[PDB]
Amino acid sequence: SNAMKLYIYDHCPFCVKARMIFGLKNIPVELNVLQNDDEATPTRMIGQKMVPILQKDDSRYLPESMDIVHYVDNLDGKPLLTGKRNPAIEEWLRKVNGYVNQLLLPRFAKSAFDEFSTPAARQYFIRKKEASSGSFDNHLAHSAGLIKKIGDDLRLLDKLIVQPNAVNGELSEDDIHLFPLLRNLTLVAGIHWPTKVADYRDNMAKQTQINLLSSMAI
């Protein structure tokens, strides 16, 4: 038995990270999606508006995706995170995460994630992102080129994925960082997915108990 709760936004890759170990280890967790404009709830918990937040069995709260990942992986004394990391994956992720939000943010803002269920929450998101990283319409109008870019980058990634259940052969923090990106990329209609990338994406979604977004791709 456990009483763990995880406060999230469904679109947030850090929140996906925090959910992964629960799925991989079959540890129950109660997901609670917060409205994107809700400052008060997370502030009561941790003193700031940030997700993910884990509520531990003792009722105390733990923020920071990777701290949650390691706490939960370590709680039973037998971690699954046993593998080496590949500097090439860190580099690839840095490069892709540098431009990918031009595809993702405009699509998140148009999609049925629970954190955007109210018009106010959706507007809050749009306003904040557009005031920081530019026009959603401009980015959407550049989709063809951006889609070709991610397709090209995915072809290299394909050659680096060792197997569908571990990017480097044994599960590592590279899986924790890679899967959320691939999972959010399934919201982007038009991408050419290489075989090994698709197999890893599909298997990891199954093993982590985290849905892909293909059914609402746009």
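Sequential numbering from 1, following the sequence displayed.
- As the entry records it, the average C-alpha temperature factor is higher for 39-47, out of 62-70 and 39-47.
- In the deposited coordinates, the residue among 94, 139, 129, 122 with the greatest CA B-factor is 94.
- Set against one another, the Cα B-factors of 188, 182, 160, 27 in the record reach their highest point at 160.
- In this PDB entry, residue 6 carries a Cα temperature factor that places it within the lowest third of its chain's modelled residues.
- Ranked by Cα temperature factor within the chain, residue 99 sits in the highest third according to the deposited record.
- In the deposited entry, the Cα temperature factor of residue 107 sits in the bottom third of values across the chain's modelled residues.
- The entry lists a Cα temperature factor for residue 150 that places it in the middle third of the chain's modelled residues.
- When all modelled residues of the chain are sorted by CA temperature factor, residue 203 is found within the lowest third.
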